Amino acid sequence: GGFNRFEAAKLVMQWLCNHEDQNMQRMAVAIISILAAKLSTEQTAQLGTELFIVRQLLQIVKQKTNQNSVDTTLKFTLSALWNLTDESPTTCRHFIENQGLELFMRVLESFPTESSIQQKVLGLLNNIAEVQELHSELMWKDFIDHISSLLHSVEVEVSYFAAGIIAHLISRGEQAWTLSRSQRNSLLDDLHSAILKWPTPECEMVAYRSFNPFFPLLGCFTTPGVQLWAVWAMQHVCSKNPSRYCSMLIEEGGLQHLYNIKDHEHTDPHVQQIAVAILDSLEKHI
């Protein structure tokens, strides 16, 4: 026997990241980014665990945050972290276990004017928010206050992700809300208010591999804010790229969840309007 199939890649990766020549660090981040973007969600989870890529990227985020840099390396480091945590609870837990949450609050606090950095940070945290085992770790009052403030950002590609975090946290019910119930109730109201003011974004703000994490949100009839965010999200990606997303919605079972909303008697009007809109475009997908 000898050491495992991944140790060579692991020690080259580390040599690149810690090199005096900053071009080697740019190399590693470019490599990680392109593999995060071409490989499948299970290869990236495998490789992410074996090379400890979450820990490696988080230490570049820290260095960049200490230097108050905001360069292209930091942007691709964060978008890699975002893409690796996509549909990957094991990667989301590596982030939490490496002080990712404290570090990302540092990032949001140090760069409050850099909306594309905030987008990448809140998109990652939106993925943590989808993992129920990780819900305890996000109930940190400083974090809820900060993202409750980002919820009212005028940039939709920032507030969209703040709203996603809030929507998932509220959707687990008071049983799991460890702060005051009044803040959760008022967050729920702000969630619903904020979403109704959103312009149609010009670009796609986000890409999804699966609609699964949205389906528990669609059944939350006693928290319309949570439902509204889910159906607004679906409406946004489906309307912007129906080839990829409409077929994905149907195949994963979206139709029962949408008809359940339409048919449900007492339904928030805004939730109902967007649901039937999604249903009717899905219907022309004959």
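Take the two forms, find the largest set of C-alpha atoms that superpose within 1.5 Å, and that set is the rigid core. Residue positions are given as counts along the sequence shown, with the first one as 1.
Asks: Core-aligned, which moves more in 7 other deposited structures of this protein: 175-183 or 188-196, by CA RMS?
Replies: Once the cores are fitted, 175-183 deviates more in 7 other deposited structures of this protein.
Asks: Which of the two stretches, 50-58 versus 216-224, has its Cα atoms farther on average from this form in 7 other deposited structures of this protein when everything is superposed by the rigid core?
Replies: When 50-58 and 216-224 are compared in 7 other deposited structures of this protein, 50-58 lies farther out.
Asks: On average, are the C-alpha B-factors higher in 201-209 or in 115-123?
Replies: If you average the C-alpha B-factors of 201-209 and of 115-123, the larger mean comes out for 201-209.
Asks: Would you determine, from the values in the PDB entry, which of 38-46 and 227-235 has the greater average C-alpha temperature factor?
Replies: The stretch with the larger average C-alpha B-factor is 38-46.
Asks: Which one, 129, 80, 154, 163, has the peak C-alpha temperature factor per the PDB entry?
Replies: Within the set 129, 80, 154, 163, 154 shows the top C-alpha B-factor.
Asks: Can you tell me which third, lowest, middle or highest, the CA B-factor of residue 26 falls into for its chain?
Replies: Its C-alpha B-factor belongs to the lowest third of this chain's values.
Asks: In terms of the chain's CA B-factor thirds, is residue 90 lowest, middle or highest?
Replies: Within its chain, residue 90 is a highest-third residue by C-alpha B-factor, going by the deposited values.
Asks: Please place residue 56 in the lowest, middle or highest third of its chain according to the CA B-factor in the PDB entry.
Replies: Middle third of the chain for residue 56's C-alpha B-factor.
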